[PDB]
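One chain comes next, on its own, written as C-alpha cells: the form deposited in one PDB entry.
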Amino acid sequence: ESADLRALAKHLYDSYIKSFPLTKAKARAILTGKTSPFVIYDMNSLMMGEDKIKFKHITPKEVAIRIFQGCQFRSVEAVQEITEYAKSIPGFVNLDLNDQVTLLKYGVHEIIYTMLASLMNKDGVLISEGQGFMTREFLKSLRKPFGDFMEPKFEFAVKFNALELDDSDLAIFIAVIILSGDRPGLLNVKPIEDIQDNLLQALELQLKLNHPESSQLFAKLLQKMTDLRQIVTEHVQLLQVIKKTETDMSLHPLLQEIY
C-alpha cells in the first residue's frame, strides 16, 4: 500500500511544477547567486525598476500604497494558480462544490505565505517571476502602517525555511493545507478528512524518504501550521485597519471588485 503513497507524491509534484511557474528550486538559485534580478532597495531603484522592467503589479500615488496594492494584485494572481493546483488533488473535485469553495476561501492565504517563504531569505523577497528582488529593509522602511506589513512574513519565512523543504515536499504539504476539515461552513467533513489523512501519510513517507536525517520533520512541519494561521489572522487585522483608516486606498470601482 506504500505504492499508492509514492504515486500521489509524484502526482502532486508534477502538478505543482505545472501550476506554479516560479518553483523553490529556481527561486533558490536566483537568491543565493548561484544561478540576475533587478534590486529594489529604495525609492529611486523602485522608480527605475518600474521603468526598466514592466512590473505588472505596478500599473497606473504614495509608494507605500502602490506597493501594498501590488502585493494584493499578485495575491489575486496566486489564488488562481492555487485553485488550479487544488483540482489535481485526487478526490478534490468530487467534493460538494460549496465545500470546495469553502476550502479554497480559507486555504489560499495559508498557502500564499507558505509559498512566499520559498521566494524569501532574511534579506528580501523575489517579485514578478524573480525578475526582481525587493529589499526587506526597504519594505520595513515604509511609513506606518505599511512598514510592518511584510515583516511578519519574513520572520515566518526565516523559520519555515530552516526546515529546508523542497518543491516535492511542499506540493504535498500544500495539499494537506487545502484539505482542512476544520474550516467554517463545511457541509461534508468526512471525505475531506479522509483525503487529508491520505495526504498526511503521503507527506510523512515523502519526508522520511527525502530527509532520513532530519528527525521528526513531519511533526515540525505540521507544527508550522500554527505560525501560518497567526500570520493570516494578523494579516487580516492590518488589512481592515488600512480599510478603516487610509483615505488614498480607493481604486477604480471595478478594480476594488476584483479584490
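We call the rigid core the largest set of C-alpha positions that still match within 1.5 Å between the two forms. Shifts are known only where both forms have a C-alpha. Heads up: residue numbers just count along the shown sequence, starting at 1.
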| item | value |
| --- | --- |
| Missing coords for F218 in a third or more of other PDB entries | no |
| Coordinates lacking for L207, a third or more of other entries | no |
| Absent coordinates between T35 and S36 - deposited residues affected, binned into four classes | 1 to 3 |
| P60-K61 interval: deposited residues absent from the model | 4 to 9 |
| Higher-B stretch (mean Cα B-factor, as the entry records it), 229-237 or 196-204 | 229-237 |
| 242-250 versus 6-14 - greater average Cα B-factor per the deposited record | 242-250 |
| Cα B factor band for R136 (lowest, middle or highest third within the chain) | middle |
| Chain third (lowest, middle, highest) by recorded CA B-factor, residue given as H211 | middle |
| For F55, the third of its chain into which the C-alpha B factor falls | highest |
| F160 by Cα B-factor - lowest, middle or highest third of the modelled chain | middle |
| CA B-factor placement of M48, once the chain's modelled residues are sorted into thirds | highest |
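One more form of this protein, solved in complex with a partner chain, exists but is not displayed; see below.
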query: Residue (of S141, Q131, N121, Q100) lying close to the partner chain in the deposited complex, criterion heavy atoms within 4.5 Å; finding: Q100
query: 4.5 angstroms heavy atom contact with the partner chain in the deposited complex for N161; finding: no
query: Touches the partner chain in the deposited complex: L254 (any heavy atom, 4.5 Å); finding: yes
query: Heavy atom of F146 within 4.5 Å of the partner chain in the deposited complex; finding: no
query: Touches the partner chain in the deposited complex: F92 (any heavy atom, 4.5 Å); finding: yes
query: Residue shift check between the shown form and the other one, rigid core fit, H252 Cα at least 2 Å; finding: yes
query: Sequence-ordered runs, three or more residues, C-alpha shift 2 Å or more between the shown form and the other one, rigid core; finding: 51-55, 248-259
